[PDB]
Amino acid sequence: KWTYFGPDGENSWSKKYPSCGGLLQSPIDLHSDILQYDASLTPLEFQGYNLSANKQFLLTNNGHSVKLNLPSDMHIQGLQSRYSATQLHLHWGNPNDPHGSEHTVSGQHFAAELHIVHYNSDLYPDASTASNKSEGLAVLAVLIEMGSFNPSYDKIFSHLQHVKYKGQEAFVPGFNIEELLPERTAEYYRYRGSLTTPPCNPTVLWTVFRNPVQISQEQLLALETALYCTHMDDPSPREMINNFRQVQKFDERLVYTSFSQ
């Protein structure tokens, strides 16, 4: 029902999904005036991220992004509750304007952004149940820029051709998801915000790593050109591009940083 373009684009989400017009909306611009060091922001530990090579994980095109399903034995340690993984997915721009991260830093978009979605499995039985509840979700965000070829990201990207159309699926053999994370994961931005897609629930604890990863210009072009938001037999195909939300106002609030220099 919802899209990133045309009549059903982001300014219209609030019609069907009232939280998209509510409080605590993400993404935001991360800029100096609103950052504040917080010594409580100790390093997260990424447990069960080294997925069994003997297991397969489902990659899907759901018409909005490409998503990889993740097992609940994968979790973040270091928050008050255990947050167990549910899925990862990406956001990107287009070849004419290849700057499609969701979060910005000092007003600047990165080329793309990876989100690893987790839910509070101490309090809730599954992500769908957690998604509208207090302390429900935690998302890790990795900013992506163009640079050297990244073999780890290619463990996902090499399957994109098999998920070109909405509803298509592919199986991805387990690999170490921590390989998708940047250098010095101890350095991150932290704030309370929302899902960046409908229903936009304000239930996400965001962790945006300070440092970006790189992927090659060919990898970024593949991501931007491989997918459609329509079914294979749609007589009016639509490319899956520019699948990021514009930044939201963020007033009288701070983003906390784990770094001081």
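Between two forms, the rigid core is the largest collection of C-alphas that superpose within 1.5 Å. The first residue of the shown sequence is 1; numbering continues from there.
After a core fit, the C-alpha atoms in 9 other deposited structures of this protein lie farther on average from the shown form in one of 188-196 and 47-55, namely 47-55. The stretch that strays farther, by root mean square C-alpha distance over structures and residues in 9 other deposited structures of this protein after a rigid core fit, is 232-240, when 209-217 is set against 232-240.
For the two regions 82-90 and 165-173, the entry's Cα B-factors average higher over 165-173. Of the two segments, 6-14 and 242-250, the one listed with the higher mean B-factor is 6-14 (C-alpha atoms only). In this structure the maximum Cα B-factor among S236, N211, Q214, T207 is found at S236. Of the candidates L220, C200, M232, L30, the one whose C-alpha carries the top B factor in the deposited record is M232. Compared with the other modelled residues of the chain, the Cα B-factor recorded for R192 ranks in the lowest third.
Among all modelled residues in its chain, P125 ranks in the highest third by Cα B-factor. Sort the modelled residues of the chain by CA B factor and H103 lands in the lowest third. Residue-level temperature factors show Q56 in the highest third of its chain, judged at the C-alpha atom. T42 sits in the highest third of its chain by CA B factor, as recorded in the PDB entry.
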